[PDB]
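Below is the file my_file_24.pdb, which contains PDB, C-alpha atoms (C1' of nucleotides) and all ligand atoms.
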```pdb
ATOM      1  CA  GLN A   1     -35.351 -22.540 -20.809
ATOM      2  CA  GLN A   2     -38.266 -24.385 -19.178
ATOM      3  CA  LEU A   3     -35.933 -27.270 -18.245
ATOM      4  CA  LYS A   4     -33.627 -25.055 -16.171
ATOM      5  CA  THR A   5     -36.626 -23.702 -14.260
ATOM      6  CA  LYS A   6     -37.897 -27.242 -13.694
ATOM      7  CA  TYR A   7     -34.522 -28.234 -12.269
ATOM      8  CA  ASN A   8     -34.654 -25.162 -10.015
ATOM      9  CA  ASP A   9     -38.114 -26.176  -8.783
ATOM     10  CA  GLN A  10     -36.955 -29.760  -8.255
ATOM     11  CA  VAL A  11     -33.870 -28.638  -6.340
ATOM     12  CA  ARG A  12     -35.755 -26.371  -3.944
ATOM     13  CA  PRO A  13     -37.913 -29.159  -2.386
ATOM     14  CA  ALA A  14     -34.852 -31.421  -2.554
ATOM     15  CA  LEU A  15     -33.076 -28.937  -0.291
ATOM     16  CA  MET A  16     -36.096 -28.463   1.960
ATOM     17  CA  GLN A  17     -36.120 -32.277   2.381
ATOM     18  CA  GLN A  18     -32.365 -32.592   2.910
ATOM     19  CA  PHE A  19     -32.457 -29.497   5.166
ATOM     20  CA  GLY A  20     -35.738 -27.829   6.048
ATOM     21  CA  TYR A  21     -36.023 -24.093   5.582
ATOM     22  CA  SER A  22     -39.070 -22.202   6.794
ATOM     23  CA  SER A  23     -39.134 -20.544   3.360
ATOM     24  CA  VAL A  24     -38.481 -21.409  -0.267
ATOM     25  CA  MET A  25     -36.606 -18.083  -0.374
ATOM     26  CA  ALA A  26     -34.334 -19.391   2.422
ATOM     27  CA  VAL A  27     -33.318 -22.190   0.021
ATOM     28  CA  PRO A  28     -30.088 -21.589  -1.906
ATOM     29  CA  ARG A  29     -30.576 -19.985  -5.311
ATOM     30  CA  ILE A  30     -28.111 -19.083  -8.058
ATOM     31  CA  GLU A  31     -27.672 -15.305  -8.424
ATOM     32  CA  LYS A  32     -25.325 -14.821 -11.382
ATOM     33  CA  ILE A  33     -22.737 -16.615 -13.497
ATOM     34  CA  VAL A  34     -19.604 -14.642 -14.347
ATOM     35  CA  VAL A  35     -16.923 -15.543 -16.904
ATOM     36  CA  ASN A  36     -13.562 -13.750 -16.774
ATOM     37  CA  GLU A  37     -11.181 -13.896 -19.688
ATOM     38  CA  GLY A  38      -7.750 -12.625 -18.742
ATOM     39  CA  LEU A  39      -5.704 -11.895 -21.863
ATOM     40  CA  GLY A  40      -2.968 -10.332 -19.681
ATOM     41  CA  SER A  41      -1.262 -13.705 -20.004
ATOM     42  CA  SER A  42      -1.212 -12.786 -23.700
ATOM     43  CA  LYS A  43      -1.525  -9.019 -23.899
ATOM     44  CA  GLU A  44      -1.734  -8.182 -27.570
ATOM     45  CA  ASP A  45      -2.777  -5.501 -30.012
ATOM     46  CA  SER A  46      -6.405  -4.548 -30.559
ATOM     47  CA  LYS A  47      -6.651  -7.376 -33.088
ATOM     48  CA  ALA A  48      -6.283 -10.433 -30.836
ATOM     49  CA  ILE A  49      -8.078  -8.895 -27.848
ATOM     50  CA  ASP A  50     -11.082  -7.857 -29.940
ATOM     51  CA  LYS A  51     -11.050 -11.360 -31.437
ATOM     52  CA  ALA A  52     -11.325 -12.894 -27.955
ATOM     53  CA  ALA A  53     -14.118 -10.508 -27.027
ATOM     54  CA  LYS A  54     -15.656 -11.586 -30.339
ATOM     55  CA  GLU A  55     -15.536 -15.274 -29.439
ATOM     56  CA  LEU A  56     -16.973 -14.800 -25.944
ATOM     57  CA  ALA A  57     -19.725 -12.631 -27.454
ATOM     58  CA  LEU A  58     -20.533 -15.274 -30.064
ATOM     59  CA  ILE A  59     -20.693 -17.856 -27.284
ATOM     60  CA  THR A  60     -22.917 -15.670 -25.092
ATOM     61  CA  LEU A  61     -25.224 -13.431 -27.113
ATOM     62  CA  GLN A  62     -23.823 -10.668 -24.890
ATOM     63  CA  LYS A  63     -21.311  -7.874 -25.332
ATOM     64  CA  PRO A  64     -18.291  -8.649 -23.118
ATOM     65  CA  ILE A  65     -16.701  -5.757 -21.199
ATOM     66  CA  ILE A  66     -12.974  -5.192 -20.870
ATOM     67  CA  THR A  67     -11.553  -5.032 -17.373
ATOM     68  CA  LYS A  68      -8.929  -2.292 -17.297
ATOM     69  CA  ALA A  69      -5.570  -2.264 -15.559
ATOM     70  CA  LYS A  70      -5.297  -0.659 -12.152
ATOM     71  CA  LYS A  71      -2.605   1.879 -11.324
ATOM     72  CA  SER A  72       0.180  -0.624 -10.578
ATOM     73  CA  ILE A  73       3.410  -0.163 -12.546
ATOM     74  CA  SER A  74       5.324  -3.391 -12.095
ATOM     75  CA  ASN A  75       8.080  -5.698 -13.272
ATOM     76  CA  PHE A  76       5.717  -7.742 -15.430
ATOM     77  CA  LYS A  77       5.114  -5.406 -18.412
ATOM     78  CA  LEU A  78       2.486  -3.658 -16.269
ATOM     79  CA  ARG A  79       1.231  -0.234 -17.277
ATOM     80  CA  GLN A  80      -1.314   2.341 -16.129
ATOM     81  CA  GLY A  81      -4.717   2.277 -17.826
ATOM     82  CA  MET A  82      -4.992  -0.491 -20.422
ATOM     83  CA  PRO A  83      -7.113  -3.614 -20.984
ATOM     84  CA  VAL A  84      -6.118  -6.698 -18.984
ATOM     85  CA  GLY A  85      -8.954  -9.167 -19.447
ATOM     86  CA  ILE A  86     -12.576  -9.515 -20.487
ATOM     87  CA  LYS A  87     -15.434  -9.929 -18.012
ATOM     88  CA  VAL A  88     -19.012 -11.134 -18.615
ATOM     89  CA  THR A  89     -21.831 -11.188 -16.071
ATOM     90  CA  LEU A  90     -24.930 -13.275 -16.740
ATOM     91  CA  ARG A  91     -28.246 -13.105 -14.908
ATOM     92  CA  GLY A  92     -31.723 -14.114 -15.902
ATOM     93  CA  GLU A  93     -32.409 -16.131 -19.041
ATOM     94  CA  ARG A  94     -28.935 -15.497 -20.467
ATOM     95  CA  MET A  95     -27.389 -17.094 -17.349
ATOM     96  CA  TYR A  96     -29.479 -20.234 -16.845
ATOM     97  CA  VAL A  97     -29.145 -21.080 -20.541
ATOM     98  CA  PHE A  98     -25.384 -21.293 -20.122
ATOM     99  CA  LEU A  99     -25.739 -23.542 -17.115
ATOM    100  CA  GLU A 100     -28.236 -25.652 -19.083
ATOM    101  CA  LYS A 101     -25.710 -25.411 -21.888
ATOM    102  CA  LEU A 102     -23.152 -26.828 -19.438
ATOM    103  CA  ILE A 103     -25.112 -29.334 -17.342
ATOM    104  CA  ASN A 104     -26.642 -31.041 -20.423
ATOM    105  CA  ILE A 105     -25.983 -31.578 -24.102
ATOM    106  CA  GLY A 106     -23.879 -28.495 -24.645
ATOM    107  CA  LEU A 107     -21.187 -29.640 -22.243
ATOM    108  CA  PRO A 108     -18.028 -30.203 -24.300
ATOM    109  CA  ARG A 109     -17.180 -33.159 -22.004
ATOM    110  CA  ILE A 110     -13.708 -32.930 -23.581
ATOM    111  CA  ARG A 111     -12.168 -33.962 -20.251
ATOM    112  CA  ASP A 112     -13.836 -35.136 -17.045
ATOM    113  CA  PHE A 113     -12.768 -37.498 -14.285
ATOM    114  CA  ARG A 114     -15.493 -36.008 -12.056
ATOM    115  CA  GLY A 115     -16.461 -32.426 -11.403
ATOM    116  CA  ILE A 116     -13.671 -30.015 -10.660
ATOM    117  CA  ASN A 117     -12.467 -30.875  -7.189
ATOM    118  CA  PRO A 118     -14.372 -28.836  -4.607
ATOM    119  CA  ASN A 119     -13.094 -25.334  -3.879
ATOM    120  CA  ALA A 120     -15.764 -23.220  -2.128
ATOM    121  CA  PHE A 121     -14.756 -24.845   1.200
ATOM    122  CA  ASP A 122     -16.577 -22.281   3.366
ATOM    123  CA  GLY A 123     -19.733 -23.366   1.526
ATOM    124  CA  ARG A 124     -21.287 -19.974   0.892
ATOM    125  CA  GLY A 125     -21.982 -19.593  -2.835
ATOM    126  CA  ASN A 126     -18.752 -18.613  -4.631
ATOM    127  CA  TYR A 127     -17.971 -21.789  -6.565
ATOM    128  CA  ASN A 128     -15.042 -20.864  -8.770
ATOM    129  CA  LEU A 129     -14.553 -22.822 -11.982
ATOM    130  CA  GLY A 130     -11.409 -23.250 -14.059
ATOM    131  CA  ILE A 131     -11.348 -24.212 -17.723
ATOM    132  CA  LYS A 132      -7.670 -24.895 -18.463
ATOM    133  CA  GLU A 133      -8.386 -24.646 -22.208
ATOM    134  CA  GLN A 134     -11.158 -23.778 -24.661
ATOM    135  CA  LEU A 135     -10.760 -26.794 -26.982
ATOM    136  CA  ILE A 136     -14.292 -27.292 -25.696
ATOM    137  CA  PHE A 137     -16.546 -25.939 -28.445
ATOM    138  CA  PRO A 138     -18.046 -26.640 -31.824
ATOM    139  CA  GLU A 139     -18.018 -22.821 -32.112
ATOM    140  CA  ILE A 140     -14.318 -22.835 -33.021
ATOM    141  CA  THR A 141     -12.137 -24.519 -35.642
ATOM    142  CA  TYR A 142      -8.859 -25.481 -34.010
ATOM    143  CA  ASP A 143      -6.419 -24.698 -36.844
ATOM    144  CA  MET A 144      -7.502 -21.019 -36.970
ATOM    145  CA  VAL A 145      -7.887 -20.612 -33.203
ATOM    146  CA  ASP A 146      -4.636 -22.477 -32.616
ATOM    147  CA  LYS A 147      -4.211 -20.217 -29.572
ATOM    148  CA  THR A 148      -6.001 -21.608 -26.492
ATOM    149  CA  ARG A 149      -6.551 -19.291 -23.551
ATOM    150  CA  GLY A 150      -8.318 -20.594 -20.448
ATOM    151  CA  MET A 151     -11.396 -19.272 -18.649
ATOM    152  CA  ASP A 152     -12.586 -18.563 -15.102
ATOM    153  CA  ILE A 153     -16.292 -18.948 -14.237
ATOM    154  CA  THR A 154     -17.493 -18.076 -10.726
ATOM    155  CA  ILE A 155     -20.897 -19.252  -9.530
ATOM    156  CA  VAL A 156     -22.523 -16.927  -7.003
ATOM    157  CA  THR A 157     -25.287 -18.395  -4.828
ATOM    158  CA  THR A 158     -26.700 -17.668  -1.429
ATOM    159  CA  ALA A 159     -25.649 -20.180   1.242
ATOM    160  CA  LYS A 160     -25.266 -19.376   4.947
ATOM    161  CA  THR A 161     -23.900 -22.904   5.619
ATOM    162  CA  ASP A 162     -20.832 -24.809   4.386
ATOM    163  CA  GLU A 163     -22.445 -28.185   3.641
ATOM    164  CA  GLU A 164     -25.243 -26.465   1.708
ATOM    165  CA  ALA A 165     -22.784 -25.894  -1.155
ATOM    166  CA  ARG A 166     -23.288 -29.581  -1.946
ATOM    167  CA  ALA A 167     -26.794 -28.635  -3.073
ATOM    168  CA  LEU A 168     -25.686 -26.360  -5.887
ATOM    169  CA  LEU A 169     -24.101 -29.102  -8.005
ATOM    170  CA  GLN A 170     -25.362 -32.544  -6.965
ATOM    171  CA  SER A 171     -28.999 -31.712  -7.610
ATOM    172  CA  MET A 172     -27.884 -29.105 -10.183
ATOM    173  CA  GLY A 173     -26.600 -31.555 -12.769
ATOM    174  CA  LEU A 174     -22.987 -31.249 -11.825
ATOM    175  CA  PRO A 175     -20.717 -34.146 -10.812
ATOM    176  CA  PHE A 176     -19.526 -34.296  -7.215
TER     177      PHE A 176
ATOM    178  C1'   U B   1      44.107  56.332 -29.175
ATOM    179  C1'   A B   2      39.999  57.678 -25.685
ATOM    180  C1'   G B   3      35.869  57.626 -22.079
ATOM    181  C1'   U B   4      34.047  54.061 -18.981
ATOM    182  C1'   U B   5      31.554  49.246 -17.054
ATOM    183  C1'   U B   6      33.720  44.937 -14.106
ATOM    184  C1'   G B   7      26.707  43.182  -8.216
ATOM    185  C1'   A B   8      25.695  41.862  -3.223
ATOM    186  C1'   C B   9      25.241  38.410   1.182
ATOM    187  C1'   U B  10      29.725  36.564   3.356
ATOM    188  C1'   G B  11      31.353  34.715  11.827
ATOM    189  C1'   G B  12      37.984  39.024   7.592
ATOM    190  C1'   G B  13      38.191  39.125   1.360
ATOM    191  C1'   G B  14      38.730  35.366  -2.376
ATOM    192  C1'   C B  15      36.730  30.275  -3.967
ATOM    193  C1'   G B  16      32.163  27.447  -3.313
ATOM    194  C1'   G B  17      27.257  28.522  -2.486
ATOM    195  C1'   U B  18      22.780  32.114  -2.481
ATOM    196  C1'   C B  19      19.574  36.168  -4.655
ATOM    197  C1'   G B  20      12.300  35.487  -6.985
ATOM    198  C1'   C B  21       7.654  32.348  -5.601
ATOM    199  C1'   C B  22       5.478  27.692  -2.851
ATOM    200  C1'   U B  23       5.590  23.532   1.637
ATOM    201  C1'   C B  24       7.217  21.918   6.590
ATOM    202  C1'   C B  25      10.006  22.188  11.367
ATOM    203  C1'   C B  26      12.576  25.817  14.039
ATOM    204  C1'   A B  27       8.419  29.617  15.737
ATOM    205  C1'   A B  28       8.574  29.255  22.585
ATOM    206  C1'   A B  29      -0.500  26.165  21.923
ATOM    207  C1'   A B  30      -2.745  34.139  19.034
ATOM    208  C1'   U B  31      -0.467  36.793  14.016
ATOM    209  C1'   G B  32       4.563  37.486  13.561
ATOM    210  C1'   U B  33       9.917  36.146  14.140
ATOM    211  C1'   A B  34      17.027  35.081  12.414
ATOM    212  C1'   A B  35      20.785  32.041  10.614
ATOM    213  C1'   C B  36      25.963  30.169   4.608
ATOM    214  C1'   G B  37      19.848  26.429  10.376
ATOM    215  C1'   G B  38      17.172  21.296   9.346
ATOM    216  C1'   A B  39      14.045  19.050   4.714
ATOM    217  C1'   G B  40      11.773  19.662  -0.856
ATOM    218  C1'   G B  41       9.528  21.735  -4.608
ATOM    219  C1'   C B  42       7.917  26.096  -9.117
ATOM    220  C1'   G B  43       9.242  29.415 -13.885
ATOM    221  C1'   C B  44       3.842  24.661 -15.620
ATOM    222  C1'   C B  45      -0.312  22.213 -16.991
ATOM    223  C1'   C B  46      -5.864  20.738 -18.432
ATOM    224  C1'   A B  47     -10.711  22.108 -25.278
ATOM    225  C1'   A B  48     -11.419  19.237 -20.710
ATOM    226  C1'   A B  49      -7.846  17.823 -15.091
ATOM    227  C1'   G B  50     -13.450  23.554 -16.687
ATOM    228  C1'   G B  51     -19.566  25.105 -15.650
ATOM    229  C1'   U B  52     -23.396  22.307 -14.710
ATOM    230  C1'   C B  53     -26.505  17.870 -14.352
ATOM    231  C1'   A B  54     -26.512  12.813 -13.129
ATOM    232  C1'   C B  55     -24.357   8.422 -11.573
ATOM    233  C1'   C B  56     -20.092   5.082  -8.991
ATOM    234  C1'   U B  57     -16.290   4.292  -3.994
ATOM    235  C1'   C B  58     -11.065   3.606  -2.735
ATOM    236  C1'   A B  59      -6.391   1.006  -0.542
ATOM    237  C1'   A B  60      -4.943  -4.016   1.647
ATOM    238  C1'   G B  61      -5.814  -8.673   3.373
ATOM    239  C1'   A B  62      -7.599 -13.758   3.495
ATOM    240  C1'   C B  63     -10.327 -18.261   1.041
ATOM    241  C1'   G B  64     -11.003 -19.814  -4.475
ATOM    242  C1'   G B  65      -9.595 -19.927  -8.930
ATOM    243  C1'   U B  66      -7.522 -20.331 -17.151
ATOM    244  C1'   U B  67      -2.051 -20.225 -19.834
ATOM    245  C1'   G B  68      -0.682 -16.079 -14.112
ATOM    246  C1'   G B  69       0.887 -17.087  -9.428
ATOM    247  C1'   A B  70       4.645 -13.151  -3.709
ATOM    248  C1'   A B  71       1.704  -8.934  -6.984
ATOM    249  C1'   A B  72      -1.981  -9.824 -13.908
ATOM    250  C1'   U B  73      -7.840 -10.498 -14.196
ATOM    251  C1'   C B  74     -12.679 -12.303 -12.046
ATOM    252  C1'   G B  75     -15.213 -14.093  -7.271
ATOM    253  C1'   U B  76     -16.890 -13.870  -2.109
ATOM    254  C1'   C B  77     -15.805 -11.965   3.311
ATOM    255  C1'   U B  78     -13.511  -7.881   6.258
ATOM    256  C1'   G B  79     -12.923  -2.963   4.777
ATOM    257  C1'   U B  80     -14.331   6.428   8.638
ATOM    258  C1'   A B  81      -9.893   5.364   4.698
ATOM    259  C1'   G B  82      -4.859   2.536   6.140
TER     260        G B  82
HETATM  261 MG    MG C 201      31.551  42.745  -0.909
HETATM  262 MG    MG C 202       2.913  31.079  15.940
HETATM  263 MG    MG C 203      15.417  40.843  14.415
END
```
How does this structure look as structure tokens?
Amino acid sequence: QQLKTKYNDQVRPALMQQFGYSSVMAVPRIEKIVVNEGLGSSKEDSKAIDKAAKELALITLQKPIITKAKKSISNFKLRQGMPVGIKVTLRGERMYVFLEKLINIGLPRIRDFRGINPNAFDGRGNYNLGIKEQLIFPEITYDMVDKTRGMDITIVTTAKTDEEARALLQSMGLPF
RNA sequence: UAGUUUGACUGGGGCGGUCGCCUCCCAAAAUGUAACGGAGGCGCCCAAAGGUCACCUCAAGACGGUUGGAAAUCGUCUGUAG
């Protein structure tokens, strides 16, 4: 908790020194961290989908919500109004913890050349994150969770400039 | 054996089709207006698809992304409505 706030307060002068803003509020900040499970790659019965909501909830200390299918009957087993993937917003203390879970000791570090190769491009916030697999926890035991879905995790931050995206990882404990 | 019934429109009768209600064009910028003229629906539904109170905003595109990738799902930008 206090460590994430200290890294925020160390980043903000670091950005005012690499790029002076008139205001600390002009500095980039991190708004929310979202994690989107998408069990439409493995649509199931209530059993498996509630189990995946169960595992994200155990990871989060939050209740995940189900995103529900849009009107879009299609070739690909698509229907009308049915679940098609969990979603979890995080703001406040529940958010920063996860990032401090990920920057520091709670990182699985199961695989890492560097950080995921940069994707925001335009440099305003939206830093999308792909976890190809969830063999990345001590929360699971692999023989029982022999299924391994992936995860999407989008970082949302203010940033009116492209290069300023470099601030949200380099000084934020993320490899670049 | 007996008393009867056996529909109409119909560019002649028959055959085919049609017979009630709703929508559009025809319909000539009022209302109305024919055709066996051009198109298509209804003979139901909903214990909530009502009353009320309160709250949300939709398509679609592009950039980015986990088993998905032309289109699952999340994320930003545009977005009097497509
Ligand atoms: Mg006659
Ligand atoms: Mg008239
Ligand atoms: Mg007349």
**Prompt:** What residues have any atom no more than 10 Å from ligand MG 201 (chain C) when counting all atoms listed in the file, and can you list them as a list in words?
**Reply:** residues 7, 8, 9, 10 and 13 of chain B
**Request:** Considering all atoms listed in the file, return as a PyMOL selection string whatever protein or nucleic-acid residues lie within 12 Å of residue A:2, sequence-local ones (same chain, fewer than 2 positions apart) excluded.
**Result:** chain A and resi 4-9+93+96-97+100
Please write as a PDB file with C-alpha atoms (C1' of nucleotides), in the coordinates of the input the full residue list that the PyMOL selection byres ((chain B) within 6 of (chain A)) yields on this file.
```pdb
ATOM      1  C1'   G B  64     -11.003 -19.814  -4.475  1.00  0.00           C
ATOM      2  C1'   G B  65      -9.595 -19.927  -8.930  1.00  0.00           C
ATOM      3  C1'   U B  66      -7.522 -20.331 -17.151  1.00  0.00           C
ATOM      4  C1'   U B  67      -2.051 -20.225 -19.834  1.00  0.00           C
ATOM      5  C1'   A B  72      -1.981  -9.824 -13.908  1.00  0.00           C
ATOM      6  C1'   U B  73      -7.840 -10.498 -14.196  1.00  0.00           C
ATOM      7  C1'   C B  74     -12.679 -12.303 -12.046  1.00  0.00           C
ATOM      8  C1'   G B  75     -15.213 -14.093  -7.271  1.00  0.00           C
ATOM      9  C1'   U B  76     -16.890 -13.870  -2.109  1.00  0.00           C
TER      10        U B  76
END
```
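Between atom CA of residue A:91 and atom CA of residue A:52 the interatomic distance comes to 21.4 Å.
Note that atom CA of residue A:81 and atom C1' of residue B:59 are 17.4 Å apart.
Using the PyMOL selection byres (((not hetatm)) within 12 of (chain C and resi 203)) on the file at hand returns these residues: residues 32, 33, 34 and 35 of chain B.
Residues matching the PyMOL selection byres (((not hetatm)) within 10 of (chain C and resi 202)) in this structure come to residues 27, 28, 29, 30, 31, 32 and 33 of chain B.
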Box for stretch 4-17 of chain B: with edges along x, y and z, all listed atoms inside and 8 Å added on each side, what are the centre and edge lengths in Å to one decimal, as lines of an AutoDock Vina configuration file?
```
center_x = 32.0
center_y = 40.8
center_z = -3.6
size_x = 29.5
size_y = 42.6
size_z = 46.8
```
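The list of residues with at least one atom within 8 Å of residue A:175, based on all atoms listed in the file and without residues fewer than 6 positions apart in the same chain, reads residues 114, 115 and 169 of chain A.
Our summary of the geometry notes that atom CA of residue A:123 is positioned 13.7 Å from atom CA of residue A:170.
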**Asked** If we count only C-alpha atoms (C1' of nucleotides), what is near stretch 21-26 of chain B at a cut-off of 9 Å, once residues fewer than 4 positions away on the same chain are taken out, given as JSON, numbers by chain?
**Response** {"B": [37, 38, 39, 40, 41, 42, 43]}
Is it possible to add N, CA and C atoms to stretch 1-24 of chain A and hand it back as a CSV table (one decimal), in the frame of the given file?
```csv
chain,number,residue,atom,x,y,z
A,1,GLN,N,-34.7,-23.5,-21.6
A,1,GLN,CA,-35.4,-22.5,-20.8
A,1,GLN,C,-36.3,-23.2,-19.7
A,2,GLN,N,-37.4,-23.8,-20.2
A,2,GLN,CA,-38.3,-24.4,-19.2
A,2,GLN,C,-37.6,-25.5,-18.4
A,3,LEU,N,-36.6,-26.2,-19.0
A,3,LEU,CA,-35.9,-27.3,-18.2
A,3,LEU,C,-35.1,-26.8,-17.1
A,4,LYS,N,-34.4,-25.6,-17.3
A,4,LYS,CA,-33.6,-25.1,-16.2
A,4,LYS,C,-34.5,-24.6,-15.0
A,5,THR,N,-35.7,-24.1,-15.3
A,5,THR,CA,-36.6,-23.7,-14.3
A,5,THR,C,-37.2,-24.9,-13.6
A,6,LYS,N,-37.4,-26.0,-14.3
A,6,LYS,CA,-37.9,-27.2,-13.7
A,6,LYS,C,-36.8,-27.8,-12.8
A,7,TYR,N,-35.6,-27.7,-13.2
A,7,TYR,CA,-34.5,-28.2,-12.3
A,7,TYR,C,-34.4,-27.3,-11.0
A,8,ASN,N,-34.6,-26.0,-11.2
A,8,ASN,CA,-34.7,-25.2,-10.0
A,8,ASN,C,-35.8,-25.6,-9.1
A,9,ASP,N,-37.0,-25.8,-9.6
A,9,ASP,CA,-38.1,-26.2,-8.8
A,9,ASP,C,-38.0,-27.6,-8.2
A,10,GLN,N,-37.2,-28.5,-8.8
A,10,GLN,CA,-37.0,-29.8,-8.3
A,10,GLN,C,-35.9,-29.7,-7.2
A,11,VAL,N,-34.9,-28.8,-7.4
A,11,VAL,CA,-33.9,-28.6,-6.3
A,11,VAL,C,-34.5,-28.1,-5.1
A,12,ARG,N,-35.3,-27.1,-5.2
A,12,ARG,CA,-35.8,-26.4,-3.9
A,12,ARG,C,-36.4,-27.3,-2.9
A,13,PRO,N,-37.5,-28.1,-3.3
A,13,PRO,CA,-37.9,-29.2,-2.4
A,13,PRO,C,-36.8,-30.2,-2.0
A,14,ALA,N,-35.9,-30.5,-2.9
A,14,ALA,CA,-34.9,-31.4,-2.6
A,14,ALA,C,-34.0,-30.9,-1.4
A,15,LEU,N,-33.8,-29.6,-1.4
A,15,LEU,CA,-33.1,-28.9,-0.3
A,15,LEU,C,-33.9,-28.8,1.0
A,16,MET,N,-35.2,-28.5,0.8
A,16,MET,CA,-36.1,-28.5,2.0
A,16,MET,C,-36.2,-29.8,2.6
A,17,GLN,N,-36.1,-30.9,1.8
A,17,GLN,CA,-36.1,-32.3,2.4
A,17,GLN,C,-34.8,-32.7,2.9
A,18,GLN,N,-33.7,-32.3,2.3
A,18,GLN,CA,-32.4,-32.6,2.9
A,18,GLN,C,-32.0,-31.6,4.0
A,19,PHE,N,-32.8,-30.6,4.2
A,19,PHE,CA,-32.5,-29.5,5.2
A,19,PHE,C,-33.6,-28.5,5.2
A,20,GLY,N,-34.6,-28.7,6.1
A,20,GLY,CA,-35.7,-27.8,6.0
A,20,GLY,C,-35.5,-26.4,6.3
A,21,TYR,N,-35.9,-25.5,5.4
A,21,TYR,CA,-36.0,-24.1,5.6
A,21,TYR,C,-37.5,-23.8,5.9
A,22,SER,N,-37.7,-22.7,6.6
A,22,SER,CA,-39.1,-22.2,6.8
A,22,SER,C,-39.6,-21.6,5.5
A,23,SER,N,-38.8,-21.3,4.6
A,23,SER,CA,-39.1,-20.5,3.4
A,23,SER,C,-38.4,-21.1,2.1
A,24,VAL,N,-39.1,-21.1,1.0
A,24,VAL,CA,-38.5,-21.4,-0.3
A,24,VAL,C,-37.4,-20.4,-0.6
```
